[PDB]
Each structure stands twice: as C-alpha cells, then as structure tokens.
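Shown next: run_0.pdb, given as PDB, N, CA and C atoms.
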```pdb
ATOM      1  N   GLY A   1       0.783  -1.214   0.000  1.00  0.00           N
ATOM      2  CA  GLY A   1       0.000   0.000   0.000  1.00  0.00           C
ATOM      3  C   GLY A   1       0.814   1.262   0.000  1.00  0.00           C
ATOM      4  N   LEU A   2       2.137   1.161  -0.168  1.00  0.00           N
ATOM      5  CA  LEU A   2       3.020   2.293   0.040  1.00  0.00           C
ATOM      6  C   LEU A   2       3.473   2.928  -1.259  1.00  0.00           C
ATOM      7  N   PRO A   3       3.867   4.199  -1.173  1.00  0.00           N
ATOM      8  CA  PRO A   3       4.467   4.884  -2.307  1.00  0.00           C
ATOM      9  C   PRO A   3       5.958   4.659  -2.434  1.00  0.00           C
ATOM     10  N   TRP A   4       6.477   3.574  -1.883  1.00  0.00           N
ATOM     11  CA  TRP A   4       7.837   3.160  -2.090  1.00  0.00           C
ATOM     12  C   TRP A   4       7.904   1.652  -1.962  1.00  0.00           C
ATOM     13  N   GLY A   5       9.029   1.115  -2.457  1.00  0.00           N
ATOM     14  CA  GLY A   5       9.234  -0.304  -2.499  1.00  0.00           C
ATOM     15  C   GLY A   5       9.069  -0.852  -3.882  1.00  0.00           C
ATOM     16  N   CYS A   6       8.806  -2.156  -3.951  1.00  0.00           N
ATOM     17  CA  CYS A   6       8.619  -2.847  -5.209  1.00  0.00           C
ATOM     18  C   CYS A   6       7.165  -3.180  -5.418  1.00  0.00           C
ATOM     19  N   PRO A   7       6.734  -3.413  -6.657  1.00  0.00           N
ATOM     20  CA  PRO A   7       5.356  -3.840  -6.881  1.00  0.00           C
ATOM     21  C   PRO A   7       5.187  -5.246  -6.312  1.00  0.00           C
ATOM     22  N   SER A   8       4.105  -5.574  -5.606  1.00  0.00           N
ATOM     23  CA  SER A   8       3.024  -4.741  -5.200  1.00  0.00           C
ATOM     24  C   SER A   8       2.622  -5.123  -3.761  1.00  0.00           C
ATOM     25  N   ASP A   9       2.081  -4.122  -3.052  1.00  0.00           N
ATOM     26  CA  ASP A   9       1.356  -4.451  -1.823  1.00  0.00           C
ATOM     27  C   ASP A   9      -0.060  -4.841  -2.169  1.00  0.00           C
ATOM     28  N   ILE A  10      -0.830  -5.264  -1.143  1.00  0.00           N
ATOM     29  CA  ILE A  10      -2.163  -5.788  -1.384  1.00  0.00           C
ATOM     30  C   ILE A  10      -3.115  -4.731  -1.954  1.00  0.00           C
ATOM     31  N   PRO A  11      -3.019  -3.470  -1.544  1.00  0.00           N
ATOM     32  CA  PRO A  11      -3.812  -2.433  -2.245  1.00  0.00           C
ATOM     33  C   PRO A  11      -3.394  -2.130  -3.647  1.00  0.00           C
ATOM     34  N   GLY A  12      -2.270  -2.661  -4.128  1.00  0.00           N
ATOM     35  CA  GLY A  12      -1.840  -2.427  -5.474  1.00  0.00           C
ATOM     36  C   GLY A  12      -0.825  -1.337  -5.656  1.00  0.00           C
ATOM     37  N   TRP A  13      -0.422  -0.708  -4.546  1.00  0.00           N
ATOM     38  CA  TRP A  13       0.730   0.174  -4.544  1.00  0.00           C
ATOM     39  C   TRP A  13       1.973  -0.707  -4.341  1.00  0.00           C
ATOM     40  N   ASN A  14       3.024  -0.217  -3.657  1.00  0.00           N
ATOM     41  CA  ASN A  14       4.263  -0.925  -3.556  1.00  0.00           C
ATOM     42  C   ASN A  14       4.545  -1.289  -2.106  1.00  0.00           C
ATOM     43  N   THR A  15       5.576  -2.107  -1.872  1.00  0.00           N
ATOM     44  CA  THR A  15       6.076  -2.284  -0.528  1.00  0.00           C
ATOM     45  C   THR A  15       7.478  -2.808  -0.626  1.00  0.00           C
ATOM     46  N   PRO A  16       8.370  -2.417   0.296  1.00  0.00           N
ATOM     47  CA  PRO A  16       9.683  -3.057   0.338  1.00  0.00           C
ATOM     48  C   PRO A  16       9.603  -4.557   0.482  1.00  0.00           C
ATOM     49  N   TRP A  17       8.589  -5.084   1.150  1.00  0.00           N
ATOM     50  CA  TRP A  17       8.480  -6.525   1.373  1.00  0.00           C
ATOM     51  C   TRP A  17       8.269  -7.293   0.072  1.00  0.00           C
ATOM     52  N   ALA A  18       7.836  -6.628  -0.992  1.00  0.00           N
ATOM     53  CA  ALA A  18       7.603  -7.273  -2.268  1.00  0.00           C
ATOM     54  C   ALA A  18       8.871  -7.364  -3.101  1.00  0.00           C
ATOM     55  N   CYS A  19       9.951  -6.736  -2.700  1.00  0.00           N
ATOM     56  CA  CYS A  19      11.186  -6.778  -3.456  1.00  0.00           C
ATOM     57  C   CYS A  19      11.827  -8.155  -3.355  1.00  0.00           C
TER      58      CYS A  19
END
```
Turn this file's structure into structure tokens for me.
Amino acid sequence: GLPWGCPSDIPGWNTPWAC
C-alpha cells in the first residue's frame, strides 16, 4: 500500500516486502 518499495502491496501500490 506504500508509495515506495517494489510492486506490489495488497492495495496495489508498492512495498519493500515485495522486493
């Protein structure tokens, strides 16, 4: 859900955890 990181968090934004 964040405006940083890699695609994608569950809302479809990004998260570092997706990297």
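Residues matched by the PyMOL selection byres (((chain A and resi 5 and name CA) around 7) and name CA) in this file are residues 4, 6, 7, 14, 15, 16 and 19 of chain A.
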Quiz item: Which residues in chain A does DSSP call strand (DSSP E)? List them as a PyMOL selection string.
Solution: chain A and resi 6-7+14-15
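Around residue 10 of chain A, within 7 Å and counting only C-alpha atoms, the residues found are residues 1, 8 and 12 of chain A, once anything fewer than 2 positions away on its own chain is removed.
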Export N, CA and C atoms of the chosen residues as a compact mmCIF listing (two decimals), in the frame of the given file?
```txt
# COMPACT_ATOMS: atom_id res chain seq x y z
N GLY A 1 0.78 -1.21 0.00
CA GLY A 1 0.00 0.00 0.00
C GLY A 1 0.81 1.26 0.00
N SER A 8 4.11 -5.57 -5.61
CA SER A 8 3.02 -4.74 -5.20
C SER A 8 2.62 -5.12 -3.76
N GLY A 12 -2.27 -2.66 -4.13
CA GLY A 12 -1.84 -2.43 -5.47
C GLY A 12 -0.82 -1.34 -5.66
```
N, CA, C and O atoms restored at chain A, emitted as a compact mmCIF listing (two decimals), in the frame of the given file:
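File rebuild09.txt, as written:
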```txt
# COMPACT_ATOMS: atom_id res chain seq x y z
N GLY A 1 0.78 -1.21 0.00
CA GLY A 1 0.00 0.00 0.00
C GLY A 1 0.81 1.26 0.00
O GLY A 1 0.26 2.36 0.18
N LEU A 2 2.14 1.16 -0.17
CA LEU A 2 3.02 2.29 0.04
C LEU A 2 3.47 2.93 -1.26
O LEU A 2 3.56 2.29 -2.31
N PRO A 3 3.87 4.20 -1.17
CA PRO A 3 4.47 4.88 -2.31
C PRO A 3 5.96 4.66 -2.43
O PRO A 3 6.68 5.50 -3.03
N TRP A 4 6.48 3.57 -1.88
CA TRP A 4 7.84 3.16 -2.09
C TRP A 4 7.90 1.65 -1.96
O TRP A 4 7.02 0.99 -1.43
N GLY A 5 9.03 1.12 -2.46
CA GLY A 5 9.23 -0.30 -2.50
C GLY A 5 9.07 -0.85 -3.88
O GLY A 5 9.15 -0.12 -4.87
N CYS A 6 8.81 -2.16 -3.95
CA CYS A 6 8.62 -2.85 -5.21
C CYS A 6 7.16 -3.18 -5.42
O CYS A 6 6.38 -3.31 -4.44
N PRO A 7 6.73 -3.41 -6.66
CA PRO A 7 5.36 -3.84 -6.88
C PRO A 7 5.19 -5.25 -6.31
O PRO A 7 6.07 -6.09 -6.56
N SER A 8 4.11 -5.57 -5.61
CA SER A 8 3.02 -4.74 -5.20
C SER A 8 2.62 -5.12 -3.76
O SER A 8 2.77 -6.25 -3.36
N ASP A 9 2.08 -4.12 -3.05
CA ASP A 9 1.36 -4.45 -1.82
C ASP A 9 -0.06 -4.84 -2.17
O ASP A 9 -0.50 -4.79 -3.32
N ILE A 10 -0.83 -5.26 -1.14
CA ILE A 10 -2.16 -5.79 -1.38
C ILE A 10 -3.12 -4.73 -1.95
O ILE A 10 -3.88 -5.03 -2.87
N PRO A 11 -3.02 -3.47 -1.54
CA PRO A 11 -3.81 -2.43 -2.24
C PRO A 11 -3.39 -2.13 -3.65
O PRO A 11 -4.08 -1.38 -4.33
N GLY A 12 -2.27 -2.66 -4.13
CA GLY A 12 -1.84 -2.43 -5.47
C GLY A 12 -0.82 -1.34 -5.66
O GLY A 12 -0.44 -1.04 -6.80
N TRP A 13 -0.42 -0.71 -4.55
CA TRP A 13 0.73 0.17 -4.54
C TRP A 13 1.97 -0.71 -4.34
O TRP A 13 1.97 -1.84 -4.82
N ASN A 14 3.02 -0.22 -3.66
CA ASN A 14 4.26 -0.92 -3.56
C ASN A 14 4.54 -1.29 -2.11
O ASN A 14 3.87 -0.83 -1.17
N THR A 15 5.58 -2.11 -1.87
CA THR A 15 6.08 -2.28 -0.53
C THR A 15 7.48 -2.81 -0.63
O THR A 15 7.79 -3.64 -1.49
N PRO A 16 8.37 -2.42 0.30
CA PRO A 16 9.68 -3.06 0.34
C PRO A 16 9.60 -4.56 0.48
O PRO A 16 10.52 -5.25 0.00
N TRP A 17 8.59 -5.08 1.15
CA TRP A 17 8.48 -6.52 1.37
C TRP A 17 8.27 -7.29 0.07
O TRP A 17 8.43 -8.52 0.08
N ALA A 18 7.84 -6.63 -0.99
CA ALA A 18 7.60 -7.27 -2.27
C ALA A 18 8.87 -7.36 -3.10
O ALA A 18 8.86 -8.02 -4.15
N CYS A 19 9.95 -6.74 -2.70
CA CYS A 19 11.19 -6.78 -3.46
C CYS A 19 11.83 -8.15 -3.36
O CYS A 19 12.18 -8.71 -4.41
```
